[PDB]
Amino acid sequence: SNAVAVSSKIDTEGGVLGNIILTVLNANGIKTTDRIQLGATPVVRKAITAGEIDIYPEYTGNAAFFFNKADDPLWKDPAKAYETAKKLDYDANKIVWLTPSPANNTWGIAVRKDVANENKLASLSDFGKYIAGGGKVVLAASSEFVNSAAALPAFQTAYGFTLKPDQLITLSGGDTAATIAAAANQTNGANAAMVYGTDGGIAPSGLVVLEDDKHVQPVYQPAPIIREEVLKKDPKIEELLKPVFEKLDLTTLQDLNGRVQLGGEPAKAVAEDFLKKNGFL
């Protein structure tokens, strides 16, 4: 039995999810080879289609860019985003998408815990009614987020709010770490930040992501995808990773990435903690 090749992308979450997939297969007698954090998406995409890697975590919404359906409204539906990625990748590359994680790692807005807790903010619908009724918010975001029609203007019309120039801080780059640091330290009075759902800084900075309940943004749920050649030679991989990824909700993955990105803990040790505490190891 050839060792299964576990890979991931270069981001912090790739290391966490890749070591989670890697540690689970090793615990059930499946021999593996380590290719974690290989590179960007195009590098991992050409590697799996060529047989150099076998299994790695991919996001459902990224299939919009692999198969030339970038702006389709179907990617805004979490369930429809999974089956279309699952069906297209099986037909085109014989890659099998396993059970996805509930975490939606897409563009969104995170607010400080005090602002969300004191005003009972859990969704972006609450966000729209809170500021439309004169609530104080200063959102730190990139000019790209504020100006591009698919981001803040799309959020504003769907949730019925408009931010005045006094309530905006536009940063030069698109790095979400800077917006998170602005709201965490309240630079220029900021209390909200442009984020990705499971960014490593959100939990250690005391921020809460507000749910895009009307689904303005495309859904990006991480899911392990495996080549069919590898999966049927040892088929237990599907069922073993099924409940593991089912308990990786937005909050759990936020804390695991934070323990790696800012806590300094190795992704392998953070992965083994999550699995033993949840009874998978």
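For every residue, the number given is its place in the sequence shown, counted from 1.
Here 82 to 90 and 171 to 179 are compared by their mean Cα B-factor, and 171 to 179 comes out higher. If you average the C-alpha B-factors over 217 to 225 and over 44 to 52, the higher value belongs to 44 to 52. Each of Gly200, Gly197, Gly160, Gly206 has a CA temperature factor in the record; the biggest one is found at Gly160. The entry lists a Cα temperature factor for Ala154 that places it in the middle third of the chain's modelled residues. Sort the modelled residues of the chain by CA B factor and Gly18 lands in the lowest third.
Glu239 sits in the middle third of its chain by CA B factor, as recorded in the PDB entry.
Annotation for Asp34: C-alpha temperature factor in the middle third relative to the rest of the modelled chain, per the entry. In the deposited entry, the Cα temperature factor of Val24 places it in the lowest third of its chain's modelled residues.
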